[PDB]
């Protein structure tokens, strides 16, 4: 039941370019265990075969047998439905709040980085910091799984690896690619690093970069930066 995910090509028209939607889906497929392959699509120069499978020009899309599926959320939702137990595992989060913790982070970042008027830099940066703290608190709050089970050093603090427990879920597939863009781009163009004092968020990124499903699906730093260069370099 052949699985082909079509994703945005980077600056040389071949390699992985910047796209959080592509990476999220790429991650879902590694995590599912399915046999699959990825085709990169140069969005300035779609091949004729790609033009014909996705006449609308959406991206990413997914070839499943002979059907093309568009819209990332619906693609994901369909991968969860059709690649299901017992032959593949359920990836969706158990706790609803895991799907919405730090959702706002990527919008606040975008605002922050598209802005070019120095007067606004500070308030937008605090927007971003606050969104990261909501996330941090969610990462340091014990989930129901962890109830009343701790050791003396770090009572009240969670020790789970990812958003919803110790297994990557769908919620991580959405968040991690976005946070990864936030870090690379804000470091390069805004003199900004996620504060060390958000130890949840750091401990979380550490656990992420430790898993090939995420680190193998990241675009090269240079592709992310090039991708954001025009919009980001405008603030003087």
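Residue numbers count along the first chain shown, from 1.
Novice: For the C-alpha atoms alone, is the average B factor greater in 47-55 or in 190-198, going by the entry?
Specialist: Comparing 190-198 with 47-55, the higher average CA B-factor belongs to 47-55.
Novice: Averaging only over Cα atoms, indicate whether 128-136 or 147-155 has the higher B-factor in the PDB entry.
Specialist: According to the PDB entry, the answer is 147-155.
Novice: Of the choices 163, 107, 84, 120, which one's C-alpha carries the largest B-factor in the record?
Specialist: Going by the entry's C-alpha B-factors, 84 comes out highest.
Novice: Looking at the C-alpha B-factor values in the deposited entry, which of 174, 66, 40, 169 comes out highest?
Specialist: When the deposited C-alpha B-factors of 174, 66, 40, 169 are compared, 66 is largest.
Novice: Can you tell me whether residue 88 has a C-alpha B-factor in the lowest, middle or highest third compared with the other modelled residues of the same chain?
Specialist: Tercile = highest for this residue's CA B-factor.
Novice: Of the three thirds of its chain by CA temperature factor, lowest, middle or highest, which one includes residue 26?
Specialist: It belongs to the lowest third of the chain when residues are ordered by C-alpha B-factor.
Novice: If you rank every modelled residue in this chain by C-alpha B factor, which third holds residue 212: lowest, middle or highest?
Specialist: According to the entry, residue 212 has a C-alpha B-factor in the chain's highest third.
Novice: Compare the C-alpha B factor of residue 101 with those of the other modelled residues in its chain, then answer lowest, middle or highest third.
Specialist: For residue 101, the deposited C-alpha B-factor lands in the highest third.
Novice: Considering only modelled residues of the same chain, in which third does the CA B-factor of residue 113 rank: lowest, middle or highest?
Specialist: Its C-alpha B-factor, which the entry lists for residue 113, ranks in the middle third among residues of this chain.
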